[PDB]
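This document opens with one chain alone, in structure tokens, the form solved without the DNA.
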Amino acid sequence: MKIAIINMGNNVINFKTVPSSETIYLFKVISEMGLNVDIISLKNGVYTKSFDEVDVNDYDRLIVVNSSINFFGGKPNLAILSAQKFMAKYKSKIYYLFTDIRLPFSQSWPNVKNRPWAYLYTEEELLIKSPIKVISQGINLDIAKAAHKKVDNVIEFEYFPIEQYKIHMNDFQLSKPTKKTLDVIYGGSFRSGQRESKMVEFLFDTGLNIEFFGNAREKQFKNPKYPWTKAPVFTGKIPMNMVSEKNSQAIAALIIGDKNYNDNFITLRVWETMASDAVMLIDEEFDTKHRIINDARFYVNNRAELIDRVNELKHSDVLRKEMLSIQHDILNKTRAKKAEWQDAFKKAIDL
């Protein structure tokens, strides 16, 4: 049993970039459950083998981490093109890890055939014809199927909480008590405005000391539907492996998602936040049944409640420590089910 894992649209080298980090974490968690796996990328490296130096059909299972396949100006993006050429040569089922609703599997040929450099490729070379199984992070498979209605060879769908991988790593460690410098914190990108309403609601005009780290910038928030006056402080992005430590700088950390994530996706940030020294505050809409933690104090319905909850935490250090103890306890209860999680992953990839 030989497994190959690749990122469909981002080069993989080390932990200096997020897509690379995620692919390496998955390679590691899969290796940690006793499986033989190789990461195949553009060139040979510490964690990778080159597409040009291996035969894709020498692998019994091909796993693909979701990515965008959009092309912009300039030279051909080989991270996308070489990955799809590799996939096109595979003669068995492909397992697509679908962790972001906006990144469904899609054929690149349609987006290539019109480009000025289109002559460098052929349909036969890029057209992926193998059957594809989508492993969905979201429990609602209808939302996953709708995202793939344009691709004909995607014939199987199965739910699996892929992003729990961060808490199951052999070197996992809870964040320790940290000197606080912020009231509320949130790390992420602008996600093309797919979550602007919630970001403005909970992070803008709160009167609190809030920081928004990641690729997002203040000037991106200009949707007339969601006006604001005072924005949180925006700082640059940090390595993925430093996220929980960053969250720990604040008294509380926010959990929000895209509309289609509500009561559907339990994202990586849930785990990065739960494991941090920051109290996890969740948008009520994101988890209406309180399945993450059965304690209403961890949920906020709107800006007003977030402000009240944060001030209650600032006022009582005991309340803060108590809630932190509760969320760390719940996190460990899930880590205690690692065996079941590993077995479910193996089943998802037909092992």
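In this text, the rigid core denotes the largest set of C-alpha atoms whose superposition between the two forms falls within 1.5 Å. In this text, residue numbers run from 1 along the sequence as written.
There is another form of this protein, the form deposited with the DNA bound, and it is not shown here; the text below is about that form.
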item: Contact test, all of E201, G257 and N301, partner the DNA in the bound PDB entry, heavy atom 4.5 Å; value: no
item: Stretch in contact in the bound PDB entry with the DNA, which is absent here, among 310 to 318, 30 to 38, 62 to 70, 280 to 288 (heavy atoms within 4.5 Å); value: 62 to 70
item: One residue of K176, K230, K129, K150 in contact with the DNA, assessed in the bound PDB entry (non-hydrogen atom, 4.5 angstroms); value: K150
item: Contact assignment for the DNA in the bound PDB entry, among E163, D183, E272, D100, heavy atom within 4.5 Å; value: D100
item: Contact of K75 with the DNA in the bound PDB entry (heavy atom, 4.5 Å); value: yes
item: Distance check, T17 to the DNA in the bound PDB entry, heavy atom within 4.5 Å; value: yes
item: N11 within 4.5 Å of the DNA in the bound PDB entry, heavy atoms; value: yes
item: Residue contact check: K145 to the DNA in the bound PDB entry, 4.5 Å heavy atom; value: no
item: Rigid-core fit between the shown form and the other one, the member of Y90, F172, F160, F234 whose C-alpha shifts 2 angstroms or more; value: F234
item: Core-aligned CA displacement of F105 at least 2 Å between the shown form and the other one; value: no
item: Is_shifted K133 between the shown form and the other one (CA, 2 Å cut-off, rigid core); value: no
item: Post core alignment: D142 C-alpha displaced by 2 Å or more between the shown form and the other one; value: no
item: Relative Cα spacing, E22 and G193, in the bound PDB entry - shift of 3 Å or more; value: farther
